Each structure stands twice: as C-alpha cells, then as structure tokens.
Amino acid sequence: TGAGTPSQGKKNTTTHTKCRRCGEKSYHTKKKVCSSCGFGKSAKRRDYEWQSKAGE
Amino acid sequence: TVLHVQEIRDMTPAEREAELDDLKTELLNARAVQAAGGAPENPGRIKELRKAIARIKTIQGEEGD
Amino acid sequence: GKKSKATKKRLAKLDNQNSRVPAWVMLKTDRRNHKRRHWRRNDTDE
Amino acid sequence: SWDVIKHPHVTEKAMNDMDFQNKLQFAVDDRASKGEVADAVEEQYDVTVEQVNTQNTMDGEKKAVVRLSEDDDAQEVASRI
Amino acid sequence: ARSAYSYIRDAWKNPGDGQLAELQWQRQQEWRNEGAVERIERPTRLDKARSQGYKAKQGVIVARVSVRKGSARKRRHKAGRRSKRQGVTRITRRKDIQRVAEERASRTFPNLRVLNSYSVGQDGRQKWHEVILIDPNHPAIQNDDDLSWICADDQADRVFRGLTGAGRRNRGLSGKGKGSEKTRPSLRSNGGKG
RNA sequence: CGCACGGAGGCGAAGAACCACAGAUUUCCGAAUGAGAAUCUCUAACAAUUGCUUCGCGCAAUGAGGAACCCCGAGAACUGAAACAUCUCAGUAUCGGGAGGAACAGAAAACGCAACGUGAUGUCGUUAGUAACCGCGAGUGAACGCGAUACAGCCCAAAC
RNA sequence: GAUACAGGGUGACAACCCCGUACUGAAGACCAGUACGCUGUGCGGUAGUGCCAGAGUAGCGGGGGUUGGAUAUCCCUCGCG
RNA sequence: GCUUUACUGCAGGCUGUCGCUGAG
Ligand SMILES: [Cl-]
Ligand SMILES: [Cl-]
Ligand SMILES: [K+]
Ligand SMILES: [Mg+2]
Ligand SMILES: [Mg+2]
Ligand SMILES: [Mg+2]
Ligand SMILES: [Mg+2]
Ligand SMILES: [Mg+2]
Ligand SMILES: [Mg+2]
Ligand SMILES: [Mg+2]
Ligand SMILES: [Mg+2]
Ligand SMILES: [Mg+2]
Ligand SMILES: [Mg+2]
Ligand code: NA
Ligand code: NA
Ligand code: NA
Ligand code: NA
Ligand code: NA
Ligand code: NA
Ligand code: NA
Ligand code: NA
Ligand code: NA
Ligand code: NA
Ligand code: NA
Ligand code: NA
Ligand SMILES: [Sr+2]
Ligand SMILES: [Sr+2]
Ligand SMILES: [Sr+2]
Ligand SMILES: [Sr+2]
Ligand SMILES: [Sr+2]
Ligand SMILES: [Sr+2]
Ligand SMILES: [Sr+2]
Ligand SMILES: [Sr+2]
C-alpha cells in the first residue's frame, strides 16, 4: 500500500474543531487542548516570541 | 413619534407596564404580517415600536420600576 | 455524523452567509460575495 | 429578557396543519421548552394547548408545532393576527 | 540591661551547642513530617523576626518552608553542546535556597506579600526558613506607620522581582562601591553580567 | 434614517441628525469561579489558594489581558578564531515567573584625582578602547573623577 | 485685505468664491493632591555612664558559575566559623 | 550518520572522605 493517495482514504477522524475560547479550528477533540490558544492546557493564552522576528 | 419621553414620565409605574404589553402585542402582530409577506405594512412603525419599548424600559430603570 | 445544537447553529449561519448580495445594494453603491462557499469545492470548520 | 414566541411560522405545510389537524406553527426562542411554549400560546391567544412538538431548524431558530383543543379553531386564531 | 530577645539571639549564634542542640534534634523530627509550607502561629526566632519587621498584629503571617539541599537538579543536554556547556553535576543555581523558600511561601499565600525571611536550620538533606508575610488589604496594616509601605501597588509580587532583602543581597547589591559595577541598578540593565 | 448614490416608508421647530461628558441596557463562551461541555447543558455555588473572622464565603485578596519598555530566574547554536577544544557569537535567541505607567536603584561597614578632599540613586557627555582579561591568539573591556540632568531625605529593631 | 501670501476645496494656475490661516479668547487633560501656605510635634548643647546598636552573618576552606576584575568582580553550592 | 585502545569532555557505576551523626 502506498503512503500517498491510497492512505488518504482512511482519513475520516475528527480531531481539530472550533474552539470555545478563541474561535479557531484548533481544538483537538481527543486531547481536549487547543493548538492555537492553549485552551485546555493553560489559563494563560498561548503566545510565543518566535511567532515574530526577533527584533519585532 | 406618537410616544414621547415626557409622556412616559407622566405615566405611573402600572401604566408603563400596561403600555409595554400593548406595544409588545402590536410588535408581535406587525412581525406576523411580515411573516406572511403582507403589503399593507408601514416599515417606519415597526422601527419605532422597538425604540418605544426601549424608552419605556429606560424610564422603568430611571424611576425605580 | 451526529451534530450538536451549537454545531447546528454554526452550520445554519454558514448557509445564510452563502446567499447573494441583494439587488438593491448594487443600485445604492452604483456597482461580489467574496465569502462564496460550496459544499463540495470549499471546506467549513470542525 | 427574552420572549418565548418570536413570530408565527406561515408556510404551505403550516397551513395544512392548521386546516386539517388544528395545529398552529410558531418560530420560538431556542432556550424555550415544550411546556414554556404551551403556556405562552395559551396566554397570548386565549386557547387550550394539548401537545407541542419542537424542532431546531437549520435557520438557528426553534420551530414549534402546537396542537389546540377541539373547542378552539386554529383557522380562526390565525386570521385575527 | 540585656533584653530577653538578646538571649534567643545569642542561642542561635551556635545552633549546635547547648539547649538549642537538643531542641533542634527534637523539633526537626516533627518538621520532617510536616509539609513544604507550614503556617505557624509564633516565630521560632522572635528577636530575628522583630528585627526583620515582624509585629504581633493582625495580618502578619509567618510560615516555615523546607527546600532541598545542594546544587541544581538539572537535566543533561539532549542536543549538541560544546564541552563547556556539557555540565550536569557541578552546576549550581543563581538563586540561593532562602529565595526559593520565600517564593514557595508567597505562592501558597497569593494575597500576602513577603516582608522577610530567616534560617531556622538544616539536616543532611533539606534546609528550613521561616518567612514573614504581610496582608496589604487588612486595615490593621493599612494604618500601621511602620508596615503600610507594603500596601502600594508597586509592591505587588515583590519577591518574584527580587525586591526582598534576600533578593537584593543575592543580586549583588550589598556594596555601594567597588565590585558593584554590573549589579546596580539592576542585573538586566547591565546585560546580565552580575 | 452608517459604509452604500435603491425602493417603500419614516423621523425632525415637542429642536432630529451630528459632537462632548455622564448614565441605562449589555445574550453565550471567555481568568471563567457550582458541575460538566468544541460557545452548550445539568442540579444553589467567590471553583481553587489565602488573610480577617460574628469561624457563616460574613468581609476581603489572587487568577487573566496589554505594542514594547522594566524587574527576577533558565539559557543555545550557527558564527568568529580563516581547522578547533578555552575564548567568541552571548548572558544574545528562546523559555519560566512578575510589576508599573514607567520599572529597577537609593541616603555609605561609599570613594581613595591619599586629601586641610568628595558626599544617596539613576541617566547623558567624557574619562577610554584607558586599566583589566585572553590558545597573552582572535578578541573582550570597566571604574573613580569630571561636565551635565534632576535633586530629598527618612522609618525600624534594641536600650529606657 | 493682510498681526491673515500655511494648507485644502471649488468644472484649469484662487490671500480677497468656500473651509481655514494671523490676532484674541474658552474648555479639558497632564504637570499634581505636587509647590506654596497651615496645624501639630519639637531642633540642639555639656558632663557622667563598658545600658543598647540586626550571626550561620564577617571571615576561612573544598567545588562551580559569572565578570575587565587581574592574588585584587559578583553569585551559587558543601564544610567550618 | 556510524566506529574505535583518535583528541577532549559529559552522564553513569565502583571507592575514600565531610555533613546528616548519637551513647558506651
Ligand atoms: Cl511577595
Ligand atoms: Cl573626589
Ligand atoms: K562553539
Ligand atoms: Mg439556501
Ligand atoms: Mg426533538
Ligand atoms: Mg562548533
Ligand atoms: Mg534602568
Ligand atoms: Mg463550569
Ligand atoms: Mg570557523
Ligand atoms: Mg590561531
Ligand atoms: Mg564579554
Ligand atoms: Mg572606583
Ligand atoms: Mg565567560
Ligand atoms: Na466540503
Ligand atoms: Na425568522
Ligand atoms: Na503573593
Ligand atoms: Na457597552
Ligand atoms: Na473573588
Ligand atoms: Na468563610
Ligand atoms: Na574559518
Ligand atoms: Na569542520
Ligand atoms: Na581565552
Ligand atoms: Na566558596
Ligand atoms: Na560576575
Ligand atoms: Na549521513
Ligand atoms: Sr482508520
Ligand atoms: Sr493539561
Ligand atoms: Sr508567552
Ligand atoms: Sr472534496
Ligand atoms: Sr430556509
Ligand atoms: Sr498580583
Ligand atoms: Sr544631593
Ligand atoms: Sr549596627
């Protein structure tokens, strides 16, 4: 079986969904954690300094 | 337009609560004629009915019911 | 798939957003729905 | 605060229920229960409600199919409003 | 004449001698079976507590904190590091055990502010420090001409910003002259070379 | 009678529109705090951690956000050295915690143009690429003083 | 015309067509709950008195980090004091 | 990337010593 086109057919699982906190389609319904804002993981909002260039 | 601010303040707390239910029924019956797609409408009155209900509710808060 | 009440409200909204820009807006602005989403071609959230 | 009855649902299927089954259809608030829809209809129209059937429409609203008693006539109630 | 306080002070000069030696051997057995942060009604060292700012008043709290002995509890590099940065065993932290104690205490009490702390001994594996904490919201303090300074908005979370005496001493701020070129006004202002 | 020049209709001399200040309203999720949940639901709620305490959540505090700035911790490598290990990049990037409208510092167990002198602290100019460091290689690098800015000095512990 | 010839608009190059612009005046915010003023308290000096004046500290040693800090930086850690 | 009696180091194991640590 090829890792390409024939392995794409099995992809019917729902993981990333609309988040209650930030509104982005990043709430992993199996992990109960948001990959965008960190909802489910932290009380604080997920922000990182590398999301922008060092001197910006 | 037909209902002014001074006229609502001249009213007693029980007259406002009575006028509120009167306007809510005129609003529901305007929305009903709009639901049927009727022609003998008045687009400017359905707009005023909402503003008037707001005015009575604002006066109810101001006077302490 | 089984939808929840909130999921239904969102899908309901997305369907309404899919209607055309009314005939009168064209006359008022004196002359495009950029959020045109198709069930097959495009993809919604969740 | 929110009102229970928003406006009456008047379509072809709504009229069939009114003419033949004595049922009045309403677009109600999505937080309202079957019992709360029953009470509000008995108060705003002065009728006796027997059964309420609710459906959450693909419009974001809640549609309620309200059946009246034999004493009341749905065709007569919908004509005055 | 000598104060009664001066006797508690003179006893703590040598905590391994006299009556205090027996008192510590006994008290530590109970302390080892207590928590990480334990609120206590009265300070073990009254002289030191009063000297540091403690008053037997409302809103003045004291708590004993036990922190582990030794160097850094550090993980080895999981990526490429030059010989210099390949250390695990001999690395020590830049904050002293007293400061780790003050911080653990202030977190257990999110409304209170750290006034000061002092050492109350150690065994072979842990160190104990008692921390004097103050309630900035209690009127018993908001009216105290000696402690009301701690009620100011800018004194909020003061321990975490190193504004404690143990903080300022660890930041190399003791000396006013030679040796404090890279420490004053702050370590961060001097590019972290202190 | 928004963007927005339509149609129908409406509002305004009972002074509307519009602007300023103040107030009313202000759904659900959200630190999110009764419990659970992809913004909904289930049966009275300061959840959790604390201080005070009538020891009752009765009175209070914390939580999270903010462009960067600020303070306290953790802390690379590419690179430079024409290789490379100390060194360098650099206490930089990045990470953890935290405050403010600015932070931090601060009234000498100072300085040490050694004096019959200076007199809290930041910062700016200079001192100076000087002293000092360094496979004494490449490189690294202050301070006192001076001229300015602005100035402001106080409270405990103990003795009785 | 001009204490106004800054700028813009207006069917083409506008001081004088329109908004503005100089002049004069008003308000809010910041400075600042600061300065000044006031109330209260009470500054200071002589002689006598070994009454008081902050400890794991000052300091020493083992191991590290950091710094220009070199024997002579600052800090952490273990032991001693 | 990988190897080793390549260079230099870092974990880890073994071992002495100091602290915890006391009476005869
Ligand atoms: Cl604190
Ligand atoms: Cl001088
Ligand atoms: K390197
Ligand atoms: Mg459709
Ligand atoms: Mg159903
Ligand atoms: Mg390299
Ligand atoms: Mg600064
Ligand atoms: Mg909840
Ligand atoms: Mg190279
Ligand atoms: Mg060379
Ligand atoms: Mg350097
Ligand atoms: Mg000097
Ligand atoms: Mg170095
Ligand atoms: Na699709
Ligand atoms: Na509707
Ligand atoms: Na705290
Ligand atoms: Na609002
Ligand atoms: Na609260
Ligand atoms: Na309580
Ligand atoms: Na090279
Ligand atoms: Na190479
Ligand atoms: Na070197
Ligand atoms: Na040492
Ligand atoms: Na240093
Ligand atoms: Na390879
Ligand atoms: Sr599968
Ligand atoms: Sr988690
Ligand atoms: Sr962040
Ligand atoms: Sr497709
Ligand atoms: Sr529809
Ligand atoms: Sr806080
Ligand atoms: Sr001065
Ligand atoms: Sr002294």
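Moving on, we come to the overall build of chain A. Assigned secondary structure in chain A consists of zero helices and three strands. Helices (α) and strands (β) of chain A occur, in sequence order from the N terminus, as β-β-β. Dimensions of chain A along its principal axes, counting C-alpha atoms only, are 45 × 30 × 15 Å. Of all 56 residues assigned to chain A, the portion counted as buried reaches 16%. Taking the contacts inside chain A whose residues are at least 6 apart along the sequence as the reference set, 2% of them involve residues at least 24 apart.

What follows is about the arrangement of the chains. Across the three pairs of chains that are in contact, the largest number of contacts falls between chains B and D. The two partners chain C and chain E share no contact, and the minimum distance between any of their C-alpha atoms is 37 Å. Separated in space, chain D and chain E share no contact, their closest pair of C-alpha atoms being 38 Å apart.

Interface extent is often summarised as the accessible area lost during association of the parts. On the side of chain B, eight residues touch chain D, which itself brings nine residues to the contact. Taking both sides of the interface into account, the surface hidden between chain D and chain B amounts to around 710 Å²; carbon and sulfur atoms contribute 57%. Considering only the side of chain D, the residues that lose the most area to chain B are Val-10, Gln-44 and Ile-81 of chain D, jointly responsible for 44% of the buried surface there. Inspection of the region where chain D meets chain B yields one salt bridge. With a closest N to O distance of 3.2 Å, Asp-3 of chain D and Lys-24 of chain B form a salt bridge. At the junction of chain D and chain B, the tally comes to one residue pair in polar contact. The element contributing the most residues to the side of chain D that touches chain B is strand β1 (residues 5–8) of chain D, with four residues. Here the side of chain D that touches chain B is built from residues that sort into five nonpolar, two polar and two charged.

Attention shifts here to the packing of aromatic side chains. Here the structure, examined in full by the defined rule, presents four aromatic pairs over all chains. Each ring, one from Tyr-48 of chain A and one from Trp-50 of chain A, has its centre 5.1 Å from the other, and the planes form 5 degrees; the classification is stacked. When its relative accessible area of 62% is taken as the criterion, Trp-50 of chain A is described as exposed. Sitting over the ring of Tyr-7 of chain E, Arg-2 of chain E keeps its end group 3.6 Å from the ring centre.

Residue and element names in this part refer to chain E. RNA strand G sits among 32 residues. The nearest are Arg-9, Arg-45, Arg-85, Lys-127 and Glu-181. At the protein interface, 73% of the atoms of RNA strand G within 4 Å belong to sugar or phosphate. In this structure, a phosphate oxygen belonging to RNA strand G sits 2.7 Å away from a side-chain N or O atom of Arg-85. A distance of 2.7 Å is found between a phosphate oxygen of RNA strand G and a side-chain nitrogen or oxygen belonging to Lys-127. Mapped onto the surface near RNA strand G, the elements with two or more residues apiece are α3 (46–52) and α6 (165–170). Class assignment for the residues of the surface near RNA strand G results in four nonpolar, nine polar and 19 charged.

Here the focus is the sheet that holds strand β2 (residues 60–68) of chain E. All names here are of chain E. Read from one edge of the open sheet, four strands run β1-β2-β4-β3, paired in antiparallel fashion. The sheet terminates laterally at β1 (37–40) and β3 (113–122), the two strands that pair on one side only. Averaged over all pairs of adjacent strands, the angle between strand axes in this sheet comes to 25 degrees, irrespective of strand direction. Here β3 pairs with strand β4 (residues 126–134) via seven bridges, running antiparallel.

Our next topic: the layout of surface pockets. Quantified by volume, the largest pocket comes out at close to 480 Å³. Lining the largest pocket are 19 residues; nearest its centre among them are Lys-24 and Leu-28 of chain B together with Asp-3, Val-4 and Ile-5 of chain D. Those elements giving two or more residues to the lining of the largest pocket turn out to be α2 (13–35) and α3 (45–63) of chain B together with β1 and α2 (34–44) of chain D. When residues of the lining of the largest pocket are assigned to their parent elements, the largest contribution, six residues, is made by α2 of chain B.

Before going further, it helps to examine unusual backbone geometry. Cis geometry marks the peptide bond from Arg-184 of chain E to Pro-185 of chain E; its omega dihedral reads 0 degrees. Inspection of the secondary structure puts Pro-185 of chain E in the segment after α6. Even without being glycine, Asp-65 of chain B reaches a positive phi, approximately 85 degrees. As for its placement among the helices and strands, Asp-65 of chain B is situated in the segment after α3. Residue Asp-65 of chain B is classed as exposed on the basis of its relative accessible area, which comes to 62%. Although it is not a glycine, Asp-157 of chain E adopts a positive phi angle of roughly 65 degrees. Tracing the backbone shows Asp-157 of chain E in the loop between α5 (139–142) and α6.

Once that is clear, we can look at the UniProt feature "binding site: Zn(2+)" in chain A. Residues and elements named next belong to chain A. With numbering matched to this structure, UniProt assigns "binding site: Zn(2+)" to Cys-19, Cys-22, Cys-34 and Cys-37. A stretch of 19 residues holds the annotated residues, and the largest C-alpha distance among them is 8.8 Å, short enough that they meet in one place. Assignment of secondary structure puts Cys-22 in the loop between β1 (16–18) and β2 (25–28). Classification of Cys-22 by relative accessible area gives partly exposed; the value is 24%.

Definitions and limits used
- Residues numbered from 1 in each chain as written, not as in the entry; some residues may be left out.
- Chains lettered and ligands numbered in written order.
- Part of a larger assembly, values for the part shown.
- Heavy atoms only, no water.
- Helix = DSSP H or I, 4+ residues; strand = E, 2+ residues; numbered from the N terminus.
- Buried < 20%, exposed > 50% of the residue type's maximum accessible area, 1.4 Å probe, protein only.
- Contact = heavy atoms within 4.5 Å.
- Buried area = accessible area lost by both parts, 1.4 Å probe.
- Salt bridge = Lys/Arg side-chain N within 4 Å of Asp/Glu carboxyl O.
- Polar contact = N/O pair within 3.5 Å; in protein donor to acceptor, adjacent residues only side chain to side chain.
- Nonpolar A, V, L, I, M, F, W, Y, C, P; charged D, E, K, R; others polar.
- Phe/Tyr/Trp six-rings, centres within 6.5 Å; stacked < 30°, edge-to-face > 60°.
- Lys NZ or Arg CZ within 6 Å of the ring centre and 35° of its normal.
- Near = heavy atom within 4 Å.
- Pairing = 2+ DSSP bridges.
- Axes fitted to C-alpha atoms, helices over the stretch in contact; angles between N-to-C directions.
- 1 Å grid on protein atoms, 1.4 Å probe; cavity = no way out; pocket = protein on both sides within 12 Å on 5 of 7 lines; lining within 4 Å.
- Points joined across faces, edges and corners; volume = space filled by probe spheres on them.
- UniProt positions renumbered as here; feature names shortened; annotations may be inferred.

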